[PDB]
Each structure stands twice: as C-alpha cells, then as structure tokens.
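Have a look at the structure below before the remarks.
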Amino acid sequence: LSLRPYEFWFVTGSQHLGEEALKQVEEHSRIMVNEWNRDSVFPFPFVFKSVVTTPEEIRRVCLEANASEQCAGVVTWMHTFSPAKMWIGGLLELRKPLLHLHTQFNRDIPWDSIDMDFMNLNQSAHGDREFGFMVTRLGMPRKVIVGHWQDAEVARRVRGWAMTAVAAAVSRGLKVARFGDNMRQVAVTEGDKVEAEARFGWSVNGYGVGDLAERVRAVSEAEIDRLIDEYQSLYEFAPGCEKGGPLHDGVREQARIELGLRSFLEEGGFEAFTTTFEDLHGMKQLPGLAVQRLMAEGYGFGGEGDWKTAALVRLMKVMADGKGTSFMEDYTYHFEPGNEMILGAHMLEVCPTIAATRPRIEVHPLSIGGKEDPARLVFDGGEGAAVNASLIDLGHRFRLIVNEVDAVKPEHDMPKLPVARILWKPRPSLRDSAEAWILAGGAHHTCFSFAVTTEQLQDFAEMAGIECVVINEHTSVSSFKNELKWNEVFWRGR
Amino acid sequence: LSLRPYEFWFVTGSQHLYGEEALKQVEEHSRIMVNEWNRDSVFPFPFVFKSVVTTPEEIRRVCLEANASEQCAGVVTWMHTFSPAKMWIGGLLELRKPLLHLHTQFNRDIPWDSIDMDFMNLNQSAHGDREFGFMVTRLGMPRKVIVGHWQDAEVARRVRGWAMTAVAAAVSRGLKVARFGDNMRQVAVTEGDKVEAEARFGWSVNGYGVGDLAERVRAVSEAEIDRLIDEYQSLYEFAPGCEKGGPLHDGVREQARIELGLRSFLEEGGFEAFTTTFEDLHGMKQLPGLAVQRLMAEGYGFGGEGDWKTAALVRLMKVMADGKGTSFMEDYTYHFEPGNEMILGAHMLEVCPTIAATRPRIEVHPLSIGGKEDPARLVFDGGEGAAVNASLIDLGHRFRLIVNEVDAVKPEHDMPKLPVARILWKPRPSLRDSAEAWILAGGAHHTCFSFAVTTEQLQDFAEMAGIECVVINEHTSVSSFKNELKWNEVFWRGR
Amino acid sequence: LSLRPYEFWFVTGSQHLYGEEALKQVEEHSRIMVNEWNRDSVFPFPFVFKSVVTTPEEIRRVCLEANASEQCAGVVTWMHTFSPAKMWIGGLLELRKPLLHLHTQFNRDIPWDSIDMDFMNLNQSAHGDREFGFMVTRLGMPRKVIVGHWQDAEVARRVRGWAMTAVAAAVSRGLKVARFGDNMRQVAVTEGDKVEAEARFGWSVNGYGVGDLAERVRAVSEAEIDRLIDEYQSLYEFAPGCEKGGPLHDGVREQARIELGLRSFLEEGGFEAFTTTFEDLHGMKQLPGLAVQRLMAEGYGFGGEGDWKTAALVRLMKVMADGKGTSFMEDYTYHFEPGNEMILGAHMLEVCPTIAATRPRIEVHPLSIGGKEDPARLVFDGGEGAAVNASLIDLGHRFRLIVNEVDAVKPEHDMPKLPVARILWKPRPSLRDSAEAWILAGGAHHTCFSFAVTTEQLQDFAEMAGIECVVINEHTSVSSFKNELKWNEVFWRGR
Ligand SMILES: [Mn+2]
Ligand SMILES: [Mn+2]
Ligand SMILES: [Mn+2]
Ligand SMILES: [Mn+2]
C-alpha cells in the first residue's frame with residue numbers, strides 16, 4: 003500500500019543583523036539537507052526551503068507547509084538569533100508536525116579561530132532557546148532533538164519522528180470504510196467519529212455489508228484463480244485446502260472476499276476498514292485470510308466495527324514501514340508463575356507481517372457469524388520487543404495506551420488452535436500491565452507491532468493533541484494511577 | 003406502544019421530636035393528599051403514598067426501593083415537619099429516579115384563631131422543606147421544586163407536566179433503539195457517542211444490518227400485508243392508482259410488508275425507536291416510508307440517516323406528549339416573505355401523522371434518494387398552534403438539548419406538487435434570529451417537532467439527565483444567547 | 003463490637019454468543035471459585051456466587067440487589083467471557099458498593115494440546131475483562147483491579163485486604179459517632195464539615211451535651227462498677243494504691259463508672275465511635291480514660307477534644323485491622339538523637355491497649371487538663387514493627403487522608419515518670435522528611451496508629467470514598483511529594 007512522496011521541509015531561521024552571513028547560513032543548511040538525503044538513517048527526503056528572516060517569510064513557508072500534501076513535517080533550526088515574535092504568525096499557522104532541530108553546523112568550538120564573526124553567525128545555542136520559548140509560549144506540540152546535525156543518535160531520533168510525522172500525514176487523509184455497525188452492546192469500539200476526524204483527520208463512514216457483498220458477487224471466478232496461484236506462491240495449505248481438496252471452496256471464497264474488498268477499498272482510497280460478524284448478509288464467510296492479506300499489504304483493520312483500532316493499525320503500519328504490525332486481541336492468559344503470558348489472536352484476523360512461521364491457509368468451522376467455515380492464515384507470531392497499543396474514547400477525549408511487551412516463541416505446539424496467534428510477556432509483569440491497562444480503560448482490541456516504538460506513539464499523540472500513557476518495565480500501578488489523574492486534569496477541554 | 007404502569011412515590015419527611023401521634027397525623031395528611039390527587043383520575047400515572055420517613059434507614063430504604071421499582075418514575079418528597087436533612091443524605095445519594103420536591107402545606111391558610119405551638123410544631127414545611135432544600139442543593143442534585151398548597155391547580159399542572167417528564171425519563175433509562183444501517187456517510191450532527199448517550203440517558207443504541215430487517219420483511223405474510231392494507235383502507239384515503247388493483251397498490255403493499263417486518267423486529271427486541279438510512283437499503287423494495295409514519299403514530303421514535311439521537315428524542319417527546327402531536331421533522335425550505343417568514347418542515351417521507359391537520363392520504367411517488375422503488379407515504383398538512391422543535395446534539399464532551407419555540411401555521415396556499423407530508427411554522431422570536439441562535443447552538447437539521455411537549459418539560463428532562471438545555475423563544479436575542487452558550491459551556495464541562 | 007454478617011457478591015459476566023451450555027460452564031467455573039474461597043474459615047466474610055449476568059437487566063438487577071443488601075460490603079465482577087460493556091453501564095451507574103474487578107481466569111495455564119476455539123470462546127477474560135475495564139474507567143468509577151489466577155496466593159491476599167477495606171467502607175456508610183462536647187476551642191484540624199463527611203464517608207456525627215453522658219454515668223449502680231472492677235482485676239495489674247482498699251482504687255471505680263455509662267449510651271444509639279473534650283466535663287468526676295482505652299479495645303473509634311474525623315477513622319481502621327494493633331494516637335514529643343530519631347506517641351489517657359506490648363497497668367495519676375479528679379488509665383509500652391499513622395483532615399472543599407508509614411520501636415529506656423500509655427516509632431523515610439511532608443500535607447497531630455492496616459487498604463478506602471490519599475514512606479522525597487500535592491489538589495477539586 004503506496005505512500006505519497008512524503009518530504010520534510012528544513013526551515014532555517016535568521017533575521018538581517021549581512022547577506023554574506025545569510026548565504027553562509029543557506030549553504031550550511033543545504034549541505035546539512037544534502038548529507039541527510041545520503042545518510043541511510045533518514046527515511047524520507049529533506050528539502051531545504053529557505054533561510055527565513057522576516058515574519059512574512061516565516062508565515063509564507065508555514066502556509067506553504069500546510070497546503071503541501073507532500074509536506075509531512077517541518078524541521079526548524081535557528082542558525083542565528085531569529086527574534087521569535089517574527090515566528091508567531093508562522094507558528095500560529097503551522098499545522099504540520101514540527102521538529103525543532105536544536106543543532107549547530109560545526110560540532111566543536113574552534114578554540115583558536117573562535118571570533119565575534121563566527122559567534123555572530125553560529126548562534127543556535129540562544130536562537131533555538133528564543134524559538135524554544137516562542138513555541139512553548141504558544142502551547143504548540145513539537146519534537147525537540149538536541150545534537151550536532153551529523154550525530155548518529157540525532158539521525159535515529161529524527162527518523163523515528165519522521166516515521167511518526169508520515170503516520171500523521173496518512174492520518175490527516177485516512178479514509179476508513181466500515182462494513183457493518185459496532186458489535187452490539189460493545190463499549191470500547193464505540194466513540195466519536197466527528198472527534199476522531201477533528202483530532203486525527205480520520206474519515207470513518209458506514210457501508211452496508213450489502214455494498215461489500217455486491218462487489219464480492221462481481222469478482223470473476225477467473226480473478227479468484229489468479230489469486231489462488233499467488234496463495235500457492237506464498238502459503239502452505241492444510242490437508243484439504245490445496246486445489247481439489249474438500250475445503251479449498253473455503254479458500255476460494257476468501258480470495259473472492261479479498262478481491263471484492265481490495266476493489267472497494269482501492270476505489271474509495273480507503274487505507275483501513277472494519278467488518279462485523281453480527282452482520283454478514285451476502286457474505287459466504289466472515290472475511291479472514293482476505294483481511295490478513297489486506298493488513299499485510301498495509302491496510303488498517305479492526306474487528307467488530309473497530310474503526311479506532313482499524314485507523315491505529317494503518318498508522319502504526321505506516322510508522323513501522325509495513326513490518327511486524329497487526330490488529331490484535333488478548334484472547335487468553337498463561338498464568339504459570341515465571342512464564343506469565345498473554346495469547347494474542349482474533350477469530351481469524353491476524354496479519355502475517357508478525358508471523359515467525361511461514362503462514363498456512365487453513366479452513367475450520369467458526370460458529371461466530373453463522374457463516375461457512377472461514378479460510379485463514381495460521382502461524383505463530385514472532386519474538387522480541389513490541390508495543391500493544393489501544394486508542395480509546397473517554398467520551399470527552401481519546402487516550403492512546405501503549406504497553407511495552409516481549410513477544411515469545413511458543414515452547415509448545417497448539418495443534419487444535421485454528422487461528423494465527425502470538426504469545427507475549429507484557430512489561431513490567433502480566434499482573435501489573437493488565438492492571439494498569441484496565442485502569443487506563445485500554446481496549447481488548449489493539450494494534451500490536453515489533454516495529455513501532457513507545458516514543459513514536461508518544462510523538463503521534465503529542466502531534467494529535469491526545470493523552471498517551473505508556474505501560475512498560477518502569478510502570479508501577481500506584482504511580483500510573485496518579486499519572487492518569489494528573490493527565491485527566493491536563494487533557495480535559497484541550 | 004404500551005407504557006409500563008409508571009407511578010409516583012409520595013415520601014413525607016418528619017422526625018420524632020413531636021411524637022407518634024403527630025407522625026400518624028402527618029401520615030393522614032399525606033394519604034388525604036395522595037388520595038385526592040388519584041381520585042381526579044384523568045392523569046395517566048398514579049401517586050403511591052410511601053409511609054412517613056423519620057430516620058436515615060427509613061429515608062434510605064424508600065430511595066433504594068424507588069431505584070429498584072421499575073414502576074417508580076419519580077419520588078415526590080415533602081417535609082411535613084422539620085426532617086433534619088443529614089438524615090436524608092444516605093437516601094438522596096442512593097436516589098437515581100427523578101426527584102420532585104413538593105414544597106407544600108396541608109392547610110392552605112393560617113387558621114389565625116387556633117394557630118398555637120401544636121400547629122406550628124406540626125405544619126413546619128415552611129422551614130422543613132428549606133432544610134431539605136439546602137441538603138438537595140448541597141449534594142448538587144437536580145430536582146424539580148413546585149411550591150404551593152397541594153390543592154392549588156397550578157401545583158397540579160406543574161406536577162403533571164413534571165410527571166410526564168419523569169415518565170419520559172423512565173422510558174429513556176430502558177430505551178432500546180435499533181439502527182438499520184450506519185449514519186448517512188460524511189454527516190456530522192447525527193454522529194455521536196452512543197456510550198455517553200447510554201450513560202447519560204440510558205438509551206441502548208445498537209446497529210442491525212439492513213439484511214436483518216430485509217430477512218424479517220421477506221418473512222412478512224403476503225396475507226398479513228392483505229390484513230393491514232385492510233387497516234390502511236379503514237384509516238387513510240388512497241391517491242388515484244394506489245387503491246385496490248390500481249397500478250401503484252404494490253407500493254402500498256410493499257410498505258405494509260416493511261411496516262410488519264419493522265414491527266416484528268422492534269417488538270421482538272423491545273425496541274421503542276429505530277433509524278433507517280437511504281444509503282443502505284439492500285433487500286428492501288423501498289425506503290420505509292408509510293411503514294415509519296405508522297410506527298411513529300403508535301409511539302415509536304424515528305430518526306432518518308441513522309439519527310439515533312433524534313429517534314430517541316422523538317420517542318421521549320412522544321411519551322411526554324401522551325403520544326400526541328409529536329413527529330420526527332427536518333427543516334426543508336424557507337419562505338423568506340417579509341412579515342410572513344416561515345419554515346417548511348418535512349422528511350423525504352417519514353412525517354408522523356399525529357401532527358396532521360388534514361386526514362392523511364396514502365400516496366406513492368418516485369424517490370431518487372436511495373435508488374429504490376416508488377415509496378408509499380402518508381401525505382398531509384401539519385396542524386397549527388404553539389409547538390417545540392427540539393434537537394439533541396453531541397458537542398463531543400456533552401449533549402446539548404436545543405428547543406426552539408415555534409408557531410405552526412395553517413397553510414395559505416396548496417403544495418399540490420409536494421409528495422411528502424409537511425408543516426409550516428414561524429419560529430420565535432423570528433426566522434432571522436431563531437435560525438441564527440439555532441445555528442450558534444449547533445442545532446441539528448433533524449428535530450422532534452411537538453405541539454404537546456412544553457419548553458418546561460424539555461428543561462425538566464435536561465435537568466434530570468444532567469445536560470444543557472438551550473431554549474430559543476420570543477425572549478431570545480442572539481447577543482444574550484451567545485453569552486448563555488459560553489457560560490453554560492463552562493458550567494456543563496465534566497459534569 | 004460485632005459486625006453485620008457482611009458478604010461479597012461474585013458476579014460473572016457473559017452473554018449468549020457461545021450458547022446456554024457455555025453459560026453453564028461459566029456458572030460452574032464461578033461456583034467452584036466461590037466454594038473454594040469459602041472452603042475454610044480463611045476469612046470472616048463469605049463470597050456469594052450470583053448467577054452469571056448476560057443482559058443489561060441481569061447486570062442492573064444484581065447491582066440494585068447489591069446496593070439494597072445491608073450484608074453486601076462489595077461486589078467482585080469478573081468477565082469469564084466477552085460481556086459487552088454497554089450492557090454494564092446501567093448496572094455500574096446504580097452500584098454504590100465497593101467494586102473489585104477480579105481480572106482472573108479459571109484455568110491457570112493455556113492447555114497447549116487442547117486449546118481450540120470452544121476454549122478461546124469460553125476463557126476470553128483476557129479481553130472480556132479489558133472491555134469491562136474500559137466501561138468502568140469510562141464511567142470514571144473507583145475500583146480495585148486485581149489480576150492473577152484465582153488460586154494464586156497474592157490474589158487471595160489482595161482480595162482479603164480489599165475485602166477488609168470494603169467491610170470498613172460498609173461500617174463507614176452507617177457509622178454513628180457521638181460527640182460529648184464540641185471541638186476543643188480555637189483548634190482547626192479537628193474542625194471540618196460533618197455534612198461533607200456524611201456525603202463522602204457516610205458518618206453520622208452529632209453532638210450530645212456531656213450532661214447526657216454524666217446523667218447515664220450517674221445511673222450506673224455500685225454493683226455494676228464492682229462486677230467491672232472484678233473484670234479489670236482479671237485483665238490488668240493495679241499499680242500500688244489502685245487495688246481494692248487502696249487509696250487510689252476510687253479513681254479506677256469512677257473510670258469503671260464512666261466505661262459503663264458510655265457503653266450504655268453508645269450501645270443504645272448504635273454508636274461505634276465517639277469524642278470527649280477535657281474542656282466540657284460538667285457532671286463527670288474524671289476525663290474518661292481507662293473507660294475510653296477499654297472502649298477502643300472493644301473496637302470503638304475515639305478522638306479526643308471533639309476530633310470526630312479521627313474517631314471515625316479509628317473505627318474504620320479498627321475494622322480494617324480486624325480489631326488489632328490500632329489506636330487513637332497523638333505525636334507528643336520527639337527524640338532528635340542523630341541516628342536514632344523517633345516520635346513518642348501518646349494522649350492524656352486515651353491510648354488503645356490493642357497496641358500494647360506489655361500487660362497494661364491500671365494507674366491513677368493527676369491530670370491538670372480539664373481540671374477533674376485524678377483519672378485511672380491503662381499505662382503500657384506500645385508494640386514494635388511496621389505501622390501506619392493516618393490523619394484524615396478537612397481542606398475546606400474536600401477531605402485528605404494522610405498516611406505516614408512508620409516503624410514502631412521497643413523503648414530502650416524506661417519512662418517511669420510518664421503516667422500515660424505510649425509508643426515510639428521511626429517515621430519513614432526520616433523524622434526530618436516525614437514531619438516536613440506531613441506538615442506540608444496538613445496532617446493532624448491526632449492520628450489513628452495501626453500495626454495491622456496497610457497503606458494499600460487506606461489507599462483503597464480513599465479510592466472508595468472519592469478522597470485524596472497521600473502516603474509518606476521510605477520512597478517519599480519532600481520535593482516530589484509537594485508536586486504530588488499540587489497535582490492531587492487540581493484533580494480532586496470539584497470531585
Ligand atoms: Mn474482537
Ligand atoms: Mn464524546
Ligand atoms: Mn434528513
Ligand atoms: Mn489531643
């Protein structure tokens with residue numbers, strides 16, 4: 003699932019206090036931007052925009068940055084002193100993520116060269132502080148990275164942020180197609196699409212399942228054959244799911260459902276969607292392998308109408324570069340002292356991008372939805388550092404909840420388990436993470452990711468103006484409880 | 003649509019200072035009072051007297067009982083004597099039922115002749131009801147306060163007004179709403195938080211696939227269509243081509259189908275309101291039209307394009323109105339004729355016949371919207387008189403109830419080309435100002451219009467549900483209204 | 003001082019999506035769990051299985067029953083399966099009983115061989131509980147959350163600790179406090195708002211003149227004194243002068259007289275806590291002393307000088323402590339010996355013998371304070387080990403519970419000229435920092451000292467009551483703590 007050619011504008015501040024210094028500032032910036040496009044750490048193209056010098060110049064490049072659908076964020080560096088009142092109109096206008104790069108062109112103080120002319124020119128030490136003030140003063144969410152522009156860690160911090168900014172750009176235009184209403188009587192998948200569209204840009208809208216049913220009925224048995232070809236190209240088949248076997252019908256249906264979905268979603272420029280098993284009129288099966296393959300392509304998905312998680316999965320997939328990110332649900336607990344684990348799955352819908360094992364197409368009965376035995380990819384999830392993120396609506400506001408977890412390889416086979424699954428050990432413990440999660444009103448539905456950092460989901464939440472609360476090795480429940488209370492008083496009316 | 007046999011618990015507060023005999027005389031007064039009110043037997047909901055409360059345990063048990071009692075629509079509290087109000091804290095903190103504080107007195111007049119420390123000791127409501135007043139205000143509880151002698155008629159009118167609001171509230175707490183399809187796509191004001199709504203009003207709002215209604219209408223007996231088309235004929239004129247064997251009696255048949263499949267679903271689930279969306283009618287011959295208007299008539303809430311907020315409100319307001327003169331309504335177009343400025347309200351089809359001046363007429367007309375077969379609908383002219391046009395919207399953090407007082411006017415000219423039931427109103431204070439105030443209140447295009455709900459009832463409901471009620475009437479000026487929106491915003495946030 | 007036969011309601015949530023037999027599996031899992039938890043007299047409060055709740059009406063019924071039940075001290079909810087939480091909103095909104103969300107699972111371990119969707123459909127708590135977790139948070143209602151397998155020992159300890167908090171909470175709800183006299187004049191911290199206290203904690207705090215007490219103390223017969231003296235002899239050492247036919251014994255007997263009058267008065271009114279004031283002892287021979295220590299040992303709350311908050315807090319903490327290691331206490335003087343900094347805790351007379359390490363000794367000594375006759379009191383050395391020192395103060399707009407974690411220490415040195423029961427502790431983290439943190443928090447000089455009540459139980463009680471709980475322990479930094487106070491203040495305002 004293709005991105006738009008997303009670029010970050012490097013904006014360098016000065017004022018007027021000569022043209023010769025202004026051109027030294029300019030080449031410094033261009034050099035920095037040119038060597039960033041050639042450092043393999045920096046994930047999207049940086050564009051030198053201007054040395055900005057005047058209010059009208061600051062405001063123009065900020066207006067330009069809003070209108071530029073390809074501008075994902077703006078990186079500001081005050082090379083010289085840049086009297087920050089000049090910046091007010093621009094910053095008031097800026098609505099693209101902001102990195103304040105607090106840097107210096109030169110790394111070391113030239114101890115014998117150090118003169119008033121050098122100092123007059125390389126002023127960021129204070130020029131970035133005066134800008135710091137102005138951005139803090141207007142209450143604006145921004146990223147602040149301090150270091151020499153060549154620094155390896157600066158590089159790593161800047162790209163982590165850049166992935167987040169790209170996730171936010173996709174967020175601004177993000178169209179979510181829901182095929183059915185929320186699973187009846189369910190609270191946490193409910194919330195305010197208007198707030199969500201105001202807060203995150205998400206477009207979330209209902210299509211009757213009729214409208215998907217209609218477009219699955221319109222797929223050629225020919226085009227199903229092309230896709231089965233490419234299923235044989237990718238996936239193991241369970242005895243009876245390969246060509247001719249008694250269950251391959253089921254696989255064909257999911258290939259049908261898959262291609263009807265891709266058609267609907269590609270037509271409407273949707274990057275995420277939800278289904279609801281409670282409403283499967285005109286569908287042979289609850290979508291499963293179809294969804295699993297669409298998530299792998301880079302599509303957000305949420306079960307039982309869960310547009311928040313659907314959107315969250317697309318965004319985190321954008322943050323992760325497509326890798327090791329799935330829709331996820333906490334299905335059961337392994338409480339063994341010393342080996343406490345959560346088994347994470349869904350009815351069918353786990354993205355193969357988290358798979359440790361080569362995915363296998365299987366067909367098994369699924370009571371839930373009263374439809375035909377769904378085909379689905381079955382795998383063991385990978386191992387290592389991951390985040391389990393839920394975005395809930397508290398009514399007045401959204402709260403992003405991120406749990407740091409360690410996914411573990413199953414030691415034991417689960418041969419009667421018909422769904423792809425992942426085992427994780429939540430930090431700081433099952434007992435404590437689950438408790439902090441529940442107190443935070445974390446959903447059952449999460450986006451799980453091996454490739455999104457805590458810092459990225461925090462930066463995303465900063466960009467969107469929502470609370471993000473993190474459960475990890477350092478979380479204690481008493482301290483967490485208090486952080487919820489204090490965040491609440493900060494975040495109400497914001 | 004039957005109400006539960008809702009009742010109203012009279013609770014009379016006293017202490018022990020005065021004795022057991024005073025407490026019997028207090029019980030007697032209270033029973034005479036409840037008994038007179040019930041004899042005047044026209045009012046649909048009885049007052050059930052609940053023995054005199056004198057202890058925190060007594061106060062607390064009745065308030066727990068009242069909470070459990072599905073019949074209990076509200077509690078009417080009266081301090082006959084000083085009933086020291088700290089006693090009431092346990093009860094008041096338990097009470098989740100609409101409270102009326104009836105600030106009354108058994109005798110009307112100071113019996114100047116005989117008035118002695120015995121009478122002053124027994125007829126203490128003057129201070130008793132104030133002591134209780136402080137306590138209810140201190141706990142930040144919403145209550146109605148009706149002051150006057152219990153036999154006063156304005157007391158009767160205010161209490162009955164409130165009781166109808168209390169019963170509407172009670173319907174609200176259990177209110178189940180079926181949604182056939184999602185909101186009309188890209189629409190804002192019909193969108194909202196169903197969890198906030200359930201928490202705040204008790205409405206259960208859950209979506210059923212349109213297929214779930216289509217399956218139910220496919221099952222509707224070609225025969226039972228026939229038995230209903232018989233009821234149609236009995237009630238409603240048929241437009242030429244729509245009656246008996248005419249080339250559009252199918253349209254009417256297909257609405258009787260939908261009417262019976264809708265009612266099957268809604269009766270099965272105990273649903274007292276529903277929503278349809280023209281954007282999702284897979285398995286339907288027509289957008290429910292005649293079907294929906296009939297269902298509104300017998301008391302169902304309805305909202306179009308998945309508008310559950312208005313569906314619930316149409317339901318609540320229909321219950322407040324005693325089933326009468328209450329409809330789902332949309333502002334469709336304006337008459338801007340200076341001195342004759344009016345709003346024409348309709349919907350594509352779904353206008354309740356309970357607001358009809360002219361006997362409704364089954365007609366079938368094309369409807370582009372939805373790309374389905376020519377829907378049958380009842381067409382009629384709305385009544386006239388004082389009415390309320392009420393929107394309930396989701397500001398994101400809380401709900402706002404917006405009531406515009408309007409005057410529905412008998413139409414001067416015919417709208418013979420207009421295939422939908424319709425109504426004209428002049429909104430107070432003016433079209434210019436109401437519509438401006440309405441827009442600044444962010445009022446929906448979807449409303450419940452009612453000839454029978456008072457402003458005071460919708461305020462009373464808002465107070466009961468702890469939501470802002472903004473009212474646009476003859477006294478509204480936009481400068482003030484704006485300020486009141488700003489000051490209300492600061493009071494209502496996180497409540 | 004007997005408790006109601008309090009019980010905890012285990013409520014299991016499911017629905018219908020897996021069938022009526024999957025519901026029987028759930029019901030049988032929960033019955034096992036409840037039976038297993040009741041099995042031994044492990045605990046004075048049983049768990050009661052409440053049939054699985056699967057509908058809004060079921061969930062509302064059990065929460066309404068829970069509230070109405072005087073025996074039900076708390077509800078323990080567990081989502082065995084997905085139990086869509088909109089169903090729970092109506093229920094949760096009614097529940098004014100301590101909620102513990104037990105996030106558990108019937109099986110400890112994933113049965114790796116057999117785990118199939120029959121199993122993943124039934125043991126879904128991993129998500130069931132989170133969906134419920136969201137609803138409870140969303141309603142912002144206070145709850146304990148305990149994760150862990152139901153047979154896990156840590157789970158049992160926590161559930162037992164919370165259970166004791168909830169019973170204390172239940173006692174708080176009907177807690178009746180008698181004040182014999184008003185606040186000590188000009189004292190601030192013992193002052194507060196009895197109305198806010200009733201609303202937030204459930205305490206009925208009311209003033210008797212001491213005449214009421216003296217009167218009842220006078221009506222005590224010389225024979226009831228004689229029988230209680232005989233009980234004193236069996237329990238306590240009499241100091242030389244204090245035994246029958248000693249010159250001081252009359253002082254003891256007058257304490258015996260006060261103990262009997264007080265007990266009569268307190269039992270008559272169902273009072274479980276009381277206050278005296280040395281400033282108002284008209285009709286009394288002595289400041290109540292031995293009598294008060296005795297009444298505290300029986301489980302009564304006491305606060306001196308009209309301190310009803312502490313009195314109530316002492317009753318609550320005694321219930322939490324299961325009547326053990328819990329007294330009214332005051333900070334009397336400081337040992338500032340560097341390396342050996344400790345607080346000497348006492349009161350004029352009123353220290354509960356339940357914190358006694360040594361056999362309490364009836365002593366008669368002069369007491370200037372109140373200008374009455376040489377009161378008899380139990381004198382003893384407080385126990386040693388981990389303890390909490392709790393002040394509940396009124397900040398004006400809300401209560402604040404302050405808990406200092408201390409280490410009671412055996413006195414190295416005799417204090418043979420100190421006529422009062424006393425205890426030493428080392429306040430955590432240091433005398434320097436605890437006293438500073440305590441002063442910044444406005445901690446009272448009057449505390450409930452307890453060997454048995456844990457920081458988490460009081461924190462749990464605070465959660466329950468919706469008041470700030472501030473804890474000073476080994477982890478406390480005075481800089482961090484002043485910020486926690488500012489931030490707490492902002493949250494707790496208007497709540
Ligand atoms: Mn799910
Ligand atoms: Mn909301
Ligand atoms: Mn409409
Ligand atoms: Mn004292």
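Chains as they are written, first to last, in the entry's author numbering: chain D, 3 to 19, 21 to 497; chain C, 3 to 497; chain A, 3 to 497. Beta carbons: idealized from backbone N, C-alpha and C, even for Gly.
{"Check": "Do you know whose CA, among C:341, C:339, C:343 and C:350, lies nearest residue 330 (chain C)'s CA?", "Outcome": "C:350"}
{"Check": "Put residue 103 (chain C) into one of helix, strand or coil per three-state DSSP.", "Outcome": "strand"}
{"Check": "In terms of residue numbering, what span does the alpha helix (DSSP H) encompassing residue 234 (chain C) cover?", "Outcome": "224-237"}
{"Check": "Is residue 398 (chain C) a contact residue of ligand 2, with contact defined as CB to any heavy atom under 7 Å?", "Outcome": "yes"}
{"Check": "Between residue 246 (chain C) and residue 376 (chain C), what straight-line distance do the alpha-carbon atoms span, to the nearest angstrom?", "Outcome": "17 Å"}
{"Check": "Which residue marks the beginning of the beta strand (DSSP E) containing residue 452 (chain D), and which one marks its end?", "Outcome": "448-452"}
{"Check": "Count the other CB atoms, across all protein chains shown, that sit within 10 Å of the CB of residue 390 (chain D); report buried if there are 16 or more and exposed otherwise.", "Outcome": "buried"}
{"Check": "Does any residue of chain C bring its CB to less than 8 Å from the CB of residue 97 (chain A)?", "Outcome": "no"}
{"Check": "Mapping the DSSP letters down to three states, classify residue 112 (chain C) as helix, strand or coil.", "Outcome": "coil"}
{"Check": "Tell me the rounded alpha-carbon separation between residue 282 (chain D) and residue 460 (chain C).", "Outcome": "36 Å"}
{"Check": "What are the residues that DSSP puts in a beta bridge with residue 81 (chain A)?", "Outcome": "A:15"}
{"Check": "Would you call the region 402-409 of chain C in contact with the region 439-451 of chain C, where contact means no fewer than 3 C-beta pairs closer than 8 Å?", "Outcome": "yes"}
{"Check": "Quick one: list the residues of chain C neighbouring residue 284 (chain D), beta-carbon separation under 8 Å, in chain order.", "Outcome": "211, 212, 213, 214, 216, 217, 284 and 285"}
{"Check": "Which bits of chain C does residue 69 (chain A) rub up against, with CB to CB less than 9 Å?", "Outcome": "66, 69, 70 and 96"}
{"Check": "Is the number of C-beta pairs between the region 240-258 of chain C and the region 203-211 of chain C that are closer than 8 Å three or more?", "Outcome": "no"}
{"Check": "Can you determine whether any heavy atom of ligand 1 sits closer than 7 Å to the C-beta of residue 306 (chain D), and answer yes or no?", "Outcome": "yes"}
{"Check": "Using a Cβ-based criterion (distance less than 7 Å to any ligand heavy atom), does residue 198 (chain D) qualify as near ligand 2?", "Outcome": "yes"}
{"Check": "Taking the straight line between their C-alpha atoms, what separation do you get for residue 457 (chain C) and residue 165 (chain D)?", "Outcome": "54 Å"}
{"Check": "In angstroms with no decimal places, state the Cα-to-Cα distance between residue 132 (chain A) and residue 202 (chain C).", "Outcome": "22 Å"}
{"Check": "I'd like to confirm the pairing. Which residues does DSSP put opposite residue 344 (chain D) in its beta bridges?", "Outcome": "D:337"}
{"Check": "CB of residue 193 (chain C) to nearest heavy atom of ligand 3: below 7 Å?", "Outcome": "no"}
{"Check": "According to the neighbour-count rule (16 or more other Cβ atoms, all chains shown, within 10 Å of its Cβ), is residue 188 (chain C) buried or exposed?", "Outcome": "exposed"}
{"Check": "Could you compute how far the alpha carbon of residue 25 (chain D) sits from the alpha carbon of residue 66 (chain D)?", "Outcome": "22 Å"}
{"Check": "Only counting runs of 4 or more residues, tell me where the alpha helix (DSSP H) segments fall wholly within the region 406-466 of chain C, in order along the chain.", "Outcome": "433-442"}
{"Check": "If you follow the alpha helix (DSSP H) that residue 475 (chain C) is part of, which residue opens it and which one closes it?", "Outcome": "Run containing residue 475 (chain C): none; DSSP gives neither H nor E here."}
{"Check": "For residue 428 (chain D), which residues in chain A fall below 8 Å Cβ to Cβ?", "Outcome": "What residue 428 (chain D) touches in chain A: nothing, since even the nearest Cβ is about 13 Å away."}
{"Check": "8 Å is my cut-off, CB to CB: does residue 346 (chain D) come that close to chain A?", "Outcome": "yes"}
{"Check": "List, in order along the chain, the chain A residues whose C-beta lies closer than 7 Å to that of residue 494 (chain D)?", "Outcome": "None at all; the shortest Cβ gap to chain A is about 12 Å."}
{"Check": "Give me the Cβ distance between residue 179 (chain C) and residue 310 (chain C), rounded to the nearest whole Å; I'm assuming they're in contact under 8 Å.", "Outcome": "5 Å"}
{"Check": "Which residue comes first and which comes last in the alpha helix (DSSP H) that contains residue 203 (chain D)?", "Outcome": "196-203"}
{"Check": "Tell me whether residue 332 (chain A) counts as near ligand 4, meaning its Cβ is closer than 7 Å to at least one heavy atom of that ligand.", "Outcome": "yes"}
{"Check": "Can you tell me where the alpha helix (DSSP H) with residue 267 (chain A) in it begins and where it stops?", "Outcome": "251-270"}
{"Check": "Is the Cβ-Cβ distance between residue 421 (chain A) and residue 480 (chain A) less than 8 Å?", "Outcome": "no"}
{"Check": "Could you check how far apart the C-beta atoms of residue 44 (chain A) and residue 12 (chain A) are, in whole angstroms? I think they sit under 8 Å.", "Outcome": "Their Cβ separation, rounded to whole angstroms, is 15 Å, which puts residue 44 (chain A) and residue 12 (chain A) out of contact at 8 Å."}
{"Check": "Taking a cut of 8 Å between CB atoms, which residues from the region 181-205 of chain D lie near chain C?", "Outcome": "181, 183, 184, 185, 187, 188, 190, 193, 194, 195, 196, 197, 198 and 201"}
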